[PDB]
Amino acid sequence: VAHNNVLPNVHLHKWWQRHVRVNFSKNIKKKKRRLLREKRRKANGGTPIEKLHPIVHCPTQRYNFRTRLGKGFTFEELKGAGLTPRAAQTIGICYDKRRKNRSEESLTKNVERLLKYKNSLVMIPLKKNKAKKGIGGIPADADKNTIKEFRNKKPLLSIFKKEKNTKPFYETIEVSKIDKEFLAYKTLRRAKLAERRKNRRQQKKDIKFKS
Amino acid sequence: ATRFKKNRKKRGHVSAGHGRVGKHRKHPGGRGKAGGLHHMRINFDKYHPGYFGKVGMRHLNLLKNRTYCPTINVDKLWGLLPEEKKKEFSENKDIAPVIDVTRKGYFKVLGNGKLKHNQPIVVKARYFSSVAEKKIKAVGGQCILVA
Amino acid sequence: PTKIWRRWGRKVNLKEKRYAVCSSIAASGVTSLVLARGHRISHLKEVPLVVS
Amino acid sequence: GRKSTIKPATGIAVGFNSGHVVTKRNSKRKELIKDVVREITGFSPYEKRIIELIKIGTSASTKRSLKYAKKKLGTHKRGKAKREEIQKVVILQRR
Amino acid sequence: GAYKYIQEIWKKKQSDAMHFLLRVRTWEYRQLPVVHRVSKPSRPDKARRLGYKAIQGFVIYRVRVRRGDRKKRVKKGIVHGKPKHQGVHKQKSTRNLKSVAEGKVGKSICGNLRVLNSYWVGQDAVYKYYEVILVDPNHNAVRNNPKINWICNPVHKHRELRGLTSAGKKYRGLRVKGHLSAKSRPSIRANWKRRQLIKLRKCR
RNA sequence: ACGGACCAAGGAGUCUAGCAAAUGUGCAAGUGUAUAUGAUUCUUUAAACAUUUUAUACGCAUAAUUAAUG
RNA sequence: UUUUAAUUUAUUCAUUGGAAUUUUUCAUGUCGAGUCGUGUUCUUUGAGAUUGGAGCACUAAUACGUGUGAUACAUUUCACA
RNA sequence: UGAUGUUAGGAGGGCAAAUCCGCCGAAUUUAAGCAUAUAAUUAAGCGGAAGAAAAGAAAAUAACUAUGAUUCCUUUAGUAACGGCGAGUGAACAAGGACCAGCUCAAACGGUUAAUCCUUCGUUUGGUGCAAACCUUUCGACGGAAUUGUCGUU
Ligand SMILES: [Mg+2]
Ligand SMILES: [Mg+2]
Ligand SMILES: [Mg+2]
Ligand SMILES: [Mg+2]
Ligand SMILES: [Mg+2]
Ligand SMILES: [Mg+2]
Ligand SMILES: [Mg+2]
Ligand SMILES: [Mg+2]
Ligand SMILES: [Mg+2]
Ligand SMILES: [Mg+2]
Ligand SMILES: [Mg+2]
Ligand SMILES: [Mg+2]
Ligand SMILES: [Mg+2]
Ligand SMILES: [Mg+2]
Ligand SMILES: [Mg+2]
Ligand SMILES: [Mg+2]
Ligand SMILES: [Mg+2]
Ligand SMILES: [Mg+2]
Ligand SMILES: [Mg+2]
Ligand SMILES: [Mg+2]
Ligand SMILES: [Mg+2]
Ligand SMILES: [Mg+2]
Ligand SMILES: [Mg+2]
Ligand SMILES: [Mg+2]
Ligand SMILES: [Mg+2]
């Protein structure tokens with residue numbers, strides 16, 4: 001090496017030519033994929049090809065304020081809407097047997113999502129022109145007039161999408177409500193200076209309870 | 001483009017620009033970072049002083065999501081508001097804004113700059129620095145801690 | 001020997017593509033420029049040339 | 001750090017019990033088989049040795065028993081559990 | 001039931017009764033051929049835990065394997081290479097002895113059949129003894145049974161030479177998960193291949 | 001001192017990765033629509049067009065310094 | 001020609017066996033062994049008082065148990081499986 | 001219980017390899033020399049499959065207001081770490097997408113009655129063929145396997 005440059009670093013010391021991959025068909029493939037998932041719809045004959053997923057928070061202090069879709073409702077969320085895991089699968093509803101509900105807010109949020117979904121669909125009888133009640137929490141079948149007059153409306157695929165945040169980032173207050181005698185830095189530092197012994201006292205409490 | 005390459009200018013000359021006496025041989029000083037500390041020492045020393053040796057403690061499994069923390073100075077604190085909304089808080093003296101910087105992606109409020117005199121403001125955040133918190137208290141505001 | 005991993009294409013800034021399209025439509029409305037591209041429009045009435 | 005299941009969190013980012021303030025939400029066949037197997041099988045040799053050392057009945061004997069069980073099984077833990085089990089057996093035999 | 005008592009008894013192996021029984025078994029296994037058939041499982045309870053069923057197409061065989069390490073294959077023990085590669089006399093194989101026992105009966109002697117599992121029945125200073133379960137994929141008793149007829153499809157031919165039995169799963173690194181086995185799936189070579197790859201856009 | 005009996009055709013600083021300096025272009029405290037998806041895109045088109053009906057994907061920049069708790 | 005979506009009629013009668021949830025009653029059973037693990041020797045990994053595998057010696061517990069939480073120990077709390 | 005049987009009915013063997021699965025296993029080269037290191041868990045050698053193969057329904061992460069079988073694309077990142085700490089080497093979690101699926105045995109329970117399975121020979125229906133041929137469909141008998149454990153429940 002001879003000049004004022006950065007010191008070299010490249011990882012090209014094995015037989016690197018055997019495995020190189022140039023992408024010539026990234027748009028051909030998306031055309032193919034679009035046509036396949038469009039062919040599925042014409043075979044489902046009116047029912048959608050999407051499935052309902054819950055709303056969950058993201059796990060870290062880096063992301064815990066925003067939400068996304070999860071892979072399936074819990075057992076306790078399903079019973080809040082009067083459904084069974086086995087019955088719910090036969091509708092486009094997903095089941096997760098290992099997520100939990102550590103708070104009330106998530107429980108009510110997903111129960112409301114389930115109830116909104118269950119309230120906006122018409123059931124087609126198994127044998128035609130033979131309407132019967134439901135089972136396991138499935139709504140009762142529809143009559144041929146409603147079925148005829150709902151095949152011309154546009155299906156709502158917006159229900160499957162994740163919720164949008166609308167929390168504002170500023171607000172207004174009255175000056176007379178301002179607290180003057182507060183000290184945030186001192187609080188933040190006294191809280192750290194005290195953690196070790198509070199942990200110790202909690203462990204002693206745990207030992208006492210165990211007997 | 002091969003049209004504008006420097007080698008096309010030397011097409012009639014013998015040595016192609018590399019000299020009669022010292023030719024263009026292949027690797028006449030080593031390969032890669034070979035000779036440093038022996039005969040490339042001066043280049044290393046005057047362009048990259050602290051290169052050799054080790055210092056400090058090891059951290060065996062880092063997990064960078066635990067200490068992510070973007071910052072914002074008090075300079076840029078009134079600029080988050082739109083100009084028309086910035087305007088009415090000047091005339092009226094009875095009302096102050098309440099700003100939540102964690103809705104904008106900031107975590108720790110830091111204290112460089114100058115706030116407008118006698119123009120109160122209330123700020124929410126996870127962390128504050130001492131100077132920033134004092135400067136907010138001086139113009140008649142308050143700091144609020146969230147999580 | 002020629003290779004398939006020669007960089008065949010380019011990626012262009014979106015704003016520059018839009019700029020070029022806009023500045024190209026504007027050149028379509030000047031009579032002298034259309035004449036200087038080789039179009040035989042001596043008998044035309046207006047160069048923007050809208051039709052029903 | 002630690003948290004308390006009762007007494008909800010405080011909205012501070014650091015310290016004990018920190019975080020956002022969401023609402024928190026809360027065989028006799030075995031012994032019969034064991035007795036039959038005990039009739040059939042008996043005691044392993046290292047178990048016999050441990051019983052002997054426990055029977056001697058001093059503090060040096062208990063320390064040597066712990067070391068021996070630890071050597072045979074590995075793991076301080078496993079050896080400690082084995083010593084406890086043999087102590088219970090020998091106590092029961094004396095009644 | 002009955003099987004629970006056998007399972008508890010076989011857990012000792014150092015009681016007087018089990019020691020006597022194991023001595024008597026291990027003597028007789030020495031006089032018989034290296035690979036021989038038995039008529040019934042000698043440990044029915046341990047065989048049920050693996051896939052064994054009492055149906056027409058299930059059989060048992062017995063195998064005998066030699067213990068220790070294998071000397072590296074250079075003539076006169078002379079290596080022509082660098083001192084890091086001059087080792088011989090303590091080279092250790094990737095595969096178990098159990099996998100080798102399964103392959104001794106699976107490759108040619110019973111190419112009719114398919115290998116399912118095996119279990120330990122004894123050991124000695126020179127040999128280790130196993131028993132291998134085989135299923136016949138052409139008998140209609142297994143072929144009509146909806147629970148066990150995955151075995152009669154050609155994608156399951158010679159499971160003991162591709163690493164697909166339990167002993168194969170052990171030495172391939174697929175018995176542990178997570179941060180201790182991060183680079184073993186879907187296979188060691190395929191995981192290595194994915195990481196060597198250079199992917200390269202058209203427009204760039 | 002070495003190569004050259006003669007003539008015709010062929011014959012040697014290139015390609016990819018990564019960094020920098022110089023210069024041209026666009027926007028500017030921001031900038032770059034990644035992988036995907038959409039469209040009354042579908043010889044050409046493997047191109048071109050679009051972006052999810054007080055708006056948190058990611059990179060570089062907007063803040064440094066310390067082995068480190070910070 | 002291939003197959004797959006809508007739309008067009010099922011009426012009367014006759015058993016037998018299954019299933020989901022709800023109201024109450026009584027029962028806490030089972031859970032993969034020469035395996036897991038530890039010592040030692042050689043390989044392999046980014047893995048560091050040892051990441052996975054293998055040979056030899058020793059050889060467990062019973063769900064309140066067992067295993068993981070990236071520095072070797074002892075006495076403990078907690079979470080996850 | 002083993003040998004025996006040109007007894008009746010069946011299976012394996014060889015070819016081909018671009019992509020896939022298991023084992024075995026170098027040196028050239030780089031370090032401006034060279035022995036650990038690198039080349040490389042690569043080339044050559046020996047075995048085994050499919051239109052894909054392998055992986056796969058937690059003895060998993062995290063430390064949060066928590067997520068949730070496998071695979072692959074964008075990024076994390078030439079980063080945490082390894083190294084004659086030299087030359088050189090080098091992953092994982094969270095985030096955004098493609099696709100989207102779950103189940104069985106073993107072990108509990110069933111004894112006024114193994115409920116289970118297979119071979120061989122019979123019969124009983126409707127459709128499709130010019131023909132060849134094929135599909136669907138219950139009910140018997142004799143013989144054998146199995147309590148050293150088939151089937152049902154969960
Ligand atoms: Mg010159
Ligand atoms: Mg020259
Ligand atoms: Mg050699
Ligand atoms: Mg080897
Ligand atoms: Mg000369
Ligand atoms: Mg001459
Ligand atoms: Mg420039
Ligand atoms: Mg970077
Ligand atoms: Mg278990
Ligand atoms: Mg190595
Ligand atoms: Mg962790
Ligand atoms: Mg043959
Ligand atoms: Mg073959
Ligand atoms: Mg050299
Ligand atoms: Mg050299
Ligand atoms: Mg040399
Ligand atoms: Mg090869
Ligand atoms: Mg084949
Ligand atoms: Mg497969
Ligand atoms: Mg598999
Ligand atoms: Mg990745
Ligand atoms: Mg090492
Ligand atoms: Mg390597
Ligand atoms: Mg993901
Ligand atoms: Mg059973």
Side-chain angles (χ1 to χ4, degrees), chain A residues 5-6 9-15 24-25 27-28 30 42-43 45 56-64 66 70-71 84 87 96 98-99 102-103 135-136 168-170 203 206-207, chain B residues 7 16 29-35 54-63 65 71 105, chain C residues 3 5-6 13-16 19, chain D residues 2 19-20 22 27 72-75 78 81, chain E residues 10-11 13 40 44 48-49 51 54-56 68-69 81 83-85 87 90-96 111-112 120 123 138 140-141 147 154-155 157-158 161-163 171 173 176-183 185-187 190 192:
Chain A
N5 293 120
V6 76
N9 192 40
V10 294
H11 283 55
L12 274 66
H13 288 117
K14 324 186 196 181
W15 179 18
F24 288 107
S25 56
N27 280 353
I28 296 167
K30 73 171 269 279
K42 275 190 271 204
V56 308
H57 284 263
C58 285
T60 288
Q61 70 101 25
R62 190 179 172 175
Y63 297 110
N64 54 357
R66 39 179 277 204
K71 65 163 293 296
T84 300
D96 198 356
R98 53 168 69 102
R99 188 163 57 80
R102 294 176 172 81
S103 85
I135 197 75
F169 79 89
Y170 67 88
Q203 163 155 353
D206 285 329
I207 282 164
Chain B
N7 195 62
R31 201 79 78 103
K33 282 189 290 192
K54 69 186 166 191
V55 57
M57 289 186 288
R58 280 179 312 152
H59 193 102
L60 277 191
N61 163 37
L62 180 60
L63 288 182
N65 275 12
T71 77
Chain C
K3 298 283 186 180
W5 56 71
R6 173 207 311 265
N13 288 351
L14 168 69
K15 280 168 193 168
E16 299 218 35
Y19 197 115
Chain D
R2 310 287 327 257
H20 194 195
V22 303
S27 186
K72 299 300 270 198
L73 291 153
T75 308
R78 286 183 194 200
Chain E
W10 262 80
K11 270 189 192 151
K13 298 196 183 67
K40 296 183 290 294
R48 294 185 75 76
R49 268 196 283 280
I55 301 177
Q56 300 281 101
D69 291 331
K84 77 189 79 147
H85 288 146
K90 61 179 72 174
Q91 316 291 305
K92 281 147 206 295
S93 304
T94 299
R95 289 170 68 199
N96 296 114
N112 188 359
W120 182 104
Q123 87 185 350
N138 298 112
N140 267 341
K147 283 182 190 177
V155 70
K157 299 221 262 185
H158 286 108
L161 305 182
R162 290 192 274 137
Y171 77 73
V176 293
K177 280 171 194 182
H179 72 268
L180 307 172
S181 195
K183 289 181 283 175
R185 286 176 178 86
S187 83
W192 186 79

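Excluded from the calculations below are hydrogen atoms, water molecules and symmetry mates; all remaining heavy atoms, backbone and side chain alike, are included. Each chain gets a letter, A, B and so on, in the order the sequences are listed, and its residues count up from 1.
- Contact between the side-chain N/O atoms of E:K183 and the OP1/OP2 oxygens of H:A91 is not found at any separation under 4.0 Å.
- A:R66 comes within contact range of the sugar-phosphate backbone alone, with a heavy-atom separation under 4.0 Å but no base atom that close.
- Between H:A54 and its strand neighbour H:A55 the base rings stack, satisfying centres under 5.5 Å and planes under 30°.
- Of the P atoms belonging to H:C93 and H:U42, the separation is 24 Å, rounded to the nearest Å.
- When heavy atoms are screened at a 4.0 angstrom cut-off, E:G87 is found touching no nucleic acid atom at all.
- On the nucleic acid side, RNA chain F contacts chain A at distances under 4.0 Å to non-hydrogen atoms, with the end points of that region at F:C19 to F:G70.
- Note on B:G29: a base of the nucleic acid sits closer than 4.0 angstrom, heavy atoms only.
- Across the strands present, G:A81 finds its partner in G:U66; the criterion is a Watson-Crick or G-U wobble pair with both atom distances under 3.5 angstrom.
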Within the sub-3.5 Å range, which N or O atoms of nucleotides 97-101 of chain H have a protein N or O partner, and how far apart are they?
| from | atom 1 | to | atom 2 | distance (Å) |
| --- | --- | --- | --- | --- |
| H:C99 | OP1 | A:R37 | NE | 3.4 |
| H:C100 | OP2 | A:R40 | NH1 | 3.3 |

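- No donor-acceptor contact under 3.5 Å links the side chain of A:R98 to the base of G:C80.
- Taken together, F:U40 and H:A50 fail the test for a Watson-Crick or G-U wobble pair, since the two needed distances are not both under 3.5 Å.
- Close to G:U30, at under 4.0 Å from its OP1 or OP2, lies a side-chain N or O of D:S27.
- In this structure H:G22 sits in a base pair with H:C46, meeting the Watson-Crick or G-U test at under 3.5 Å.
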Quiz prompt | Where protein sits on nucleotides 74-82 of chain H, one letter per nucleotide: B base, S sugar-phosphate only, - none, heavy atoms under 4.0 Å | solution = S--SBSSSS

I'd like a table of atom pairs between the protein and nucleotides 113-123 of chain H - only N or O on both sides, under 3.5 Å - with the distance next to each one.
| from | atom 1 | to | atom 2 | distance (Å) |
| --- | --- | --- | --- | --- |
| H:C118 | OP1 | E:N144 | ND2 | 3.0 |
| H:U119 | OP1 | E:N140 | ND2 | 3.0 |

Quiz item: What string of B, S and - do you get for nucleotides 4-21 of chain H 5' to 3' if you count protein non-hydrogen atoms under 4.0 Å?
Solution: ------BSS-------SB

Tabulate atom names and distances for all N/O pairs under 3.5 angstrom spanning the protein and nucleotides 102-106 of chain H.
| from | atom 1 | to | atom 2 | distance (Å) |
| --- | --- | --- | --- | --- |
| H:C105 | OP1 | E:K147 | NZ | 3.2 |
| H:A106 | OP1 | E:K53 | NZ | 2.6 |

